[PDB]
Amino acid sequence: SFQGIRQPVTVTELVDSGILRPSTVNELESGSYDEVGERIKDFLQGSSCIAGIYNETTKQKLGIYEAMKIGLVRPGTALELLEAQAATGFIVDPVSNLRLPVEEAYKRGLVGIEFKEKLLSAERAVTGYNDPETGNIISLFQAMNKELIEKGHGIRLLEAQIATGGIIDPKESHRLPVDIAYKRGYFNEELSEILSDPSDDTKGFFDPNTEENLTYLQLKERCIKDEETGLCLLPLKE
């Protein structure tokens, strides 16, 4: 029925997901559909992330890669935002307002050849990883529980997702309330505590201006919204 990150989402799947109320279905059959998917938008694909940069100097908006290609953000911090962009679904171009998978983005010149390989791994936190035994699609979380990636790197991707609608379901392709995420084994309370009560390890992202470390949630709120796009933008200088 509705459009998810990659795959379409069934109306049943969302009601089971604790997203839509049993009544709103009896209202779709004998009702609209462009408004329902408009009321439950943040779950289908998610809310805005740090789409681009906006430097006070020229008053222009820029993608993340373009700004590092011209010296306004060191290659280092560029990777983080472009990873958190991948881990939520799509790479973004504020100028044109495009949202696209790593492969498309690379064709369109929105991301470097040097970054492409890493941005192709952080996107598996969207479409799923693979189980060494069984070859079955498992969650980023289940991938941390089987030791296929560092808890610092994995944790950094989970907060990018939680700060833009909730943790994603690999199989169903959409955002999920924290409780359902717990029921389906894709997150837990031990992890919520690490974000609510951050430490010096969980300071994954770096703020260019104030030059300090913080969480996606924290950095994201340091951003300004755009009117014709809505995409949150990180203000910079020089």
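The first residue of the shown sequence is 1; numbering continues from there.
The modelled chain breaks after residue 31 and resumes at residue 32, leaving 1 to 3 residues of the deposited sequence without coordinates. On average the C-alpha atoms of 226-234 have higher B-factors than those of the other stretch, with 226-234 and 6-14 being the two compared. According to the PDB record, 152-160 carries the higher mean C-alpha B-factor of the two stretches 152-160 and 86-94. Taking the deposited Cα B-factors for 123, 103, 80, 133, the highest one is held by 133. Among 180, 36, 195, 51, the highest C-alpha B-factor recorded in the PDB entry belongs to 36. Sort the modelled residues of the chain by CA B factor and residue 137 lands in the highest third. When the modelled residues of the chain are ordered by C-alpha B-factor, residue 166 sits in the lowest third. When all modelled residues of the chain are sorted by CA temperature factor, residue 71 is found within the highest third. Residue 206: CA B factor in the highest third of modelled residues in this chain (values from the PDB entry). The entry lists a Cα temperature factor for residue 189 that places it in the lowest third of the chain's modelled residues.
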